[PDB]
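So the structure is just underneath, and the comments pick up after that.
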Amino acid sequence: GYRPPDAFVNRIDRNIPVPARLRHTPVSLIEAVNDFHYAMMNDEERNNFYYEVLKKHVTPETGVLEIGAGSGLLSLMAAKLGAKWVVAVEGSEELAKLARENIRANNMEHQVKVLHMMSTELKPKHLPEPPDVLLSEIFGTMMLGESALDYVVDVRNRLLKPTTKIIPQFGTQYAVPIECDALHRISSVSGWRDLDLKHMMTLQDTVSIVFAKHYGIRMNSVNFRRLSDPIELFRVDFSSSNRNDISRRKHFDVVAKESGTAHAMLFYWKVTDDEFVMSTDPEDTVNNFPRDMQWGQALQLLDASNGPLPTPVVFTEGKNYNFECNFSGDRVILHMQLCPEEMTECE
Amino acid sequence: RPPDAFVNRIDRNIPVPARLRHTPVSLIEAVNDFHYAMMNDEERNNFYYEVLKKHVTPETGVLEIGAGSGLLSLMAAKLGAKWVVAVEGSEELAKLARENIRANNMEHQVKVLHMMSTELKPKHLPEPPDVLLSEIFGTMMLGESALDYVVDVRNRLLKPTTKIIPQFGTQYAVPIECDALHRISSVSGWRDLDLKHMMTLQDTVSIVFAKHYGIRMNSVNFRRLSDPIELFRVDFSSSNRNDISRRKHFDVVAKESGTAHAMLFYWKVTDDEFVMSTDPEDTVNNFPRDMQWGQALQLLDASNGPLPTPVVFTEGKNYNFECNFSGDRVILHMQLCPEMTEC
Ligand SMILES: Nc1ncnc2c1ncn2[C@@H]1O[C@H](CSCC[C@H](N)C(=O)O)[C@@H](O)[C@H]1O
Ligand SMILES: Nc1ncnc2c1ncn2[C@@H]1O[C@H](CSCC[C@H](N)C(=O)O)[C@@H](O)[C@H]1O
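So the protein lines, in turn, are chains B and A. Letter by letter, the first sequence follows residues 36 to 376, 381 to 386 of the deposited numbering. Letter by letter, the second sequence follows residues 38 to 376, 382 to 385 of the deposited numbering.
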């Protein structure tokens, strides 16, 4: 017999039993589905979001194009609503097949087609015509975390026609300074009785954006306080915006509603199309448990200045606080640095 | 600027404090991901403090495997040990420990060696130690080979009278029903759309840490379908990994009827009267422990069909499970025995 180099069994001790359905299946595909896709599909509210927005844009003469088909659920929705043709693009090989198999298992093998490629190499030749609708779910815990704006923009410039409706329409990344003792106990140490340990603080990570779930935390489960109104880091119109519409450095003047300790900046985002909303805000994901597991929220520990040891950002209600937001080149990573009163070039 | 410097993996536009710029990334990741949480697990710290002060004389020489930050050695020194030698494999962690030791003026009580305990020879020690101190437990108790590393030191460096801390370790397992976990790990479909083919890929083999699902078991609602399954127990002063059979079987009687979505894995460490538990029923107020360890999970498939079959419990009936250990006993797997298995 033969075993693919990336077969699941290869990752597993000889003494441990593996079901035939898993043995020769590629590790990455298994990891992809088990870690993300199962949680995505049980995000009913997410599925309901895309079904409703498609429902008001799909005619039997509607040509649909989806970026990142994965399992093909969204592409199935387009066809389910009676679309003329659906072409779904998927970057990895094994996800491409899995989509097709889901497409045969259901009705739509004639209606929906899945191309193995990145949307970057998708050419007008690969499409029947310019699509009426562009479909996309390529949002991460950070909205542009998996470069959603860049992939749509490339496709928007090359493959779409004027009348093309882009789903979804709007996207906004928010930031909130929060007090959260529970998080603080995971990320800070002073000492144990007589023993001084504050030197450990030399190493505290004030720079990295961190996904709540990866370190075992769900903000809906943890008690915390929002020390201010949401901060609109940036808005994006997917049918007109570019990644340079997001200035690589911005300054935000935040008014503290409540006094407390800003242990961390909490990062969430909302996606809008007409009256329909996709929210990453923990207030809206209380009952959407699968969403907190797929997207969740992101955190960044705040340091007030550049001392040898981190300085706590203490908010005093009514008093005003100034933050410098620095994006990376691809606008995929960002950072919130409190302005002093010389890491920042605040003025 | 070291090749492993923290700045070097950060965008040029993002600001990095001087205390972090030239610091090795691995050190930062380690301290931030684990050490902070360890140090705020005060039950854990209190566990070792109480077991230590029961054995530490001003005549007691202490040897710690895996110093890391070296807090436990600071405890042994604080309790007035005559000499403490703490061994640490990470070069950057070893220096971090030394600094903590200077900050508490115990520079001459505690010595930190940059090596693996495998390389620790009697030459490196003043005397065969009176006390052996270890914290090398993972979310899976033997997940970090805590048993093997102690056995090597036990065979080569210790003396008959050497008290090993901690004494006992028990790896438990419980079959549980958990609707929240099920929604994260399975899919049937969406309305008329059938997505059951997705189930072909459901990972039934891998042991996944609960926090890597993003889950803390104390926050999520679940049912235990039977009494705890003692997979194995180890005496760190006499057991070898060969004492753990490569394959064990278990008569598991269902206390309750339900769906065994998964096998929950926790453990308990014992020394005299003192207990270190990973059971989520004991970590309800120990939020740092659930973050540094938490629990483990394995999804259960009942047989070997083209699709996963739910393991369903009927109260009062028996369910035989086969447990297979990897060679180093670091990894294990629970498989239901049908009326892949040797049963
Ligand atoms: N430029 C790109 N081109 C094609 N596929 C992409 C892509 N970027 C990400 N992807 C793929 O899109 C998927 C993101 S999630 C899958 C969404 C799917 N339509 C659903 O709702 O079920 C991943 O599988 C990823 O491999
Ligand atoms: N055989 C081994 N020998 C020496 N150090 C080890 C080791 N196995 C693991 N370690 C190290 O021990 C540490 C495990 S965690 C440190 C726990 C420490 N007692 C404290 O509470 O601060 C890690 O730094 C690891 O690199």
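Positions of the beta carbon are idealized from the N, C-alpha and C atoms, including for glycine.
Between A:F174 and the rest of its own chain, which residues show a CB-CB distance below 6 Å, the 5 nearest in sequence each way excluded? So the list reads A183, once near-sequence residues are dropped.
Under 7 Å, Cβ to Cβ, is there at least one residue of chain A near B:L238? True, the Cβ-Cβ gap to chain A drops below 7 Å.
Less than 7 Å between CB atoms is the rule here; does A:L157 satisfy it with respect to chain B? With 7 Å as the cut-off, A:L157 does not count as an interface residue toward chain B.
Give a yes or no on whether 7 Å exceeds the smallest Cβ distance from B:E136 to chain A. Yes, contact with chain A.
Heavy atom of ligand 1 within 6 Å of B:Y73 beta-carbon: For B:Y73, the CB stays at least 6 Å from every heavy atom of ligand 1.
Can you tell me whether DSSP reads B:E359 as helix, strand or coil? Three-state DSSP puts B:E359 in a strand.
Compute the Euclidean distance between the alpha carbons of B:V321 and B:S314, then round it to the nearest angstrom. When only Cα atoms are considered, B:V321 and B:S314 end up about 11 Å apart.
Give the DSSP-derived three-state secondary structure of B:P212 in the structure shown. Three-state DSSP puts B:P212 in a strand.
Under 8 Å: do the segment 136-146 of chain A and the segment 93-103 of chain A share three or more Cβ pairs, one atom per stretch? No: fewer than three Cβ pairs fall under 8 Å.
Measure how close the beta-carbons of B:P61 and B:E129 come, nearest whole angstrom, since I'm counting them as under 8 Å. Going by Cβ atoms, the distance from B:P61 to B:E129 rounds to 5 Å, so yes, they are a contact pair.
Can you tell me the Cβ-Cβ gap for A:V121 and A:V147, rounded? I've got them flagged as a contact below 8 Å. Distance from A:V121 to A:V147 at the Cβ level is roughly 4 Å; contact confirmed, criterion being Cβ atoms closer than 8 Å.
Best match in A:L369, A:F84, A:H92, A:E66 for proximity to A:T198 [C-alpha to C-alpha]: It is A:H92 whose Cα lies nearest to the Cα of A:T198.
Taking Cβ-Cβ distances shorter than 8 Å, what residues in chain B pair up with A:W304? Those within 8 Å of A:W304 in chain B number zero; the least Cβ separation is about 18 Å.
Assign B:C360 to one of two classes, buried (16 or more other C-beta atoms within 10 Å of its C-beta) or exposed (fewer than that). By the 10 Å Cβ count, B:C360 comes out buried.
Quick check on this structure: which residue in A:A247, A:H298, A:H370 has the alpha carbon closest to the alpha carbon of B:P54? B:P54 has its Cα closest to that of A:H370, out of A:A247, A:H298, A:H370.
Along chain A, in chain order, which residues have C-beta atoms closer than 8 Å to that of B:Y250? Contacts between B:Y250 and chain A, judged by CB atoms closer than 8 Å, involve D70, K248, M328 in chain order.
Check whether the segment 242-262 of chain B and the segment 103-119 of chain A are in contact - that is, three or more C-beta pairs closer than 8 Å. The segment 242-262 of chain B vs the segment 103-119 of chain A: no contact.
Verify the CB distance criterion: does B:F174 have a CB-CB separation below 7 Å to chain A? Taking a beta-carbon distance threshold of 7 Å, B:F174 does not count as an interface residue toward chain A.
With a threshold of 7 Å between beta-carbons, can B:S110 be considered close to chain A, or not? Residue-level contact by beta carbon fails for B:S110 and chain A, as no gap is shorter than 7 Å.
Is the Cβ of A:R366 closer than 7 Å to any Cβ of chain B? Interface with chain B (7 Å Cβ-Cβ cutoff): A:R366 is excluded.
State the Cα-Cα distance for the pair B:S106 and A:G342, rounded to the nearest angstrom. The straight-line gap from Cα to Cα measures roughly 22 Å.
Could you compute how far the alpha carbon of A:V289 sits from the alpha carbon of B:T155? Answer to the nearest angstrom: the Cα atoms are 54 Å apart.
Compute every distance between the C-beta of A:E80 and the non-hydrogen atoms of ligand 2, then say whether any falls below 6 Å. Judged by the Cβ position, A:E80 fails to qualify as a neighbour of ligand 2 at the 6 Å threshold, every heavy atom of the ligand being at least this far.
Keeping to the same chain, check which residues put their C-beta closer than 7 Å to that of B:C385; ignore five residues upstream and five downstream. Cβ neighbours of B:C385 beyond the five flanking positions: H286, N357, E359, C374.
Output, in chain order, the set of chain B residues within a Cβ distance shorter than 8 Å of A:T241. Neighbours of A:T241 across chain B, judged by C-beta separation under 8 Å: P54, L57.
Could you list which residues in chain A have their beta carbon closer than 8 Å to that of B:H370, in chain order? Contact note: B:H370 reaches chain A through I51, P52, using a C-beta cutoff of 8 Å and chain order.
By DSSP, does B:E386 sit in helix, in strand, or in coil? Here B:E386 sits in coil by DSSP.
Contact set between A:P343 and chain B, taken where Cβ atoms lie within less than 7 Å: Under the 7 Å cutoff, chain B gives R56.
Suppose you measure from the CA of A:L89 to the CA of A:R191; what does that come to, to the nearest Å? Between the alpha carbons of A:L89 and A:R191 lies a gap of roughly 18 Å.
Which partner residues does B:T207 have in the DSSP bridge list? Beta bridge pairing from DSSP links B:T207 with B:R270, B:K305.
With DSSP collapsed to three states, give me the class of A:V122. A:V122 sits in a strand when the DSSP states are folded into three classes.
If I'm right that B:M177 touches B:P345 with Cβ under 8 Å, what's the distance once you round it to whole angstroms? Distance from B:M177 to B:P345 at the Cβ level is roughly 23 Å; contact not present, criterion being Cβ atoms closer than 8 Å.
Chain A contact for B:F269 (CB, 7 Å cutoff): B:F269 does not count as touching chain A.
Hey, could you find the ends of the alpha helix (DSSP H) B:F84 is sitting in? Per DSSP, the unbroken alpha helix (DSSP H) holding B:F84 starts and ends at 79-90.
Which residue from B:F302, B:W304, B:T383 puts its Cα closest to that of B:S340? The shortest C-alpha to C-alpha distance from B:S340 to any of B:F302, B:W304, B:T383 is the one to B:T383.
What are the partner residues of A:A291, as DSSP defines its beta bridges? Beta-bridge pairing links A:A291 to A:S263.
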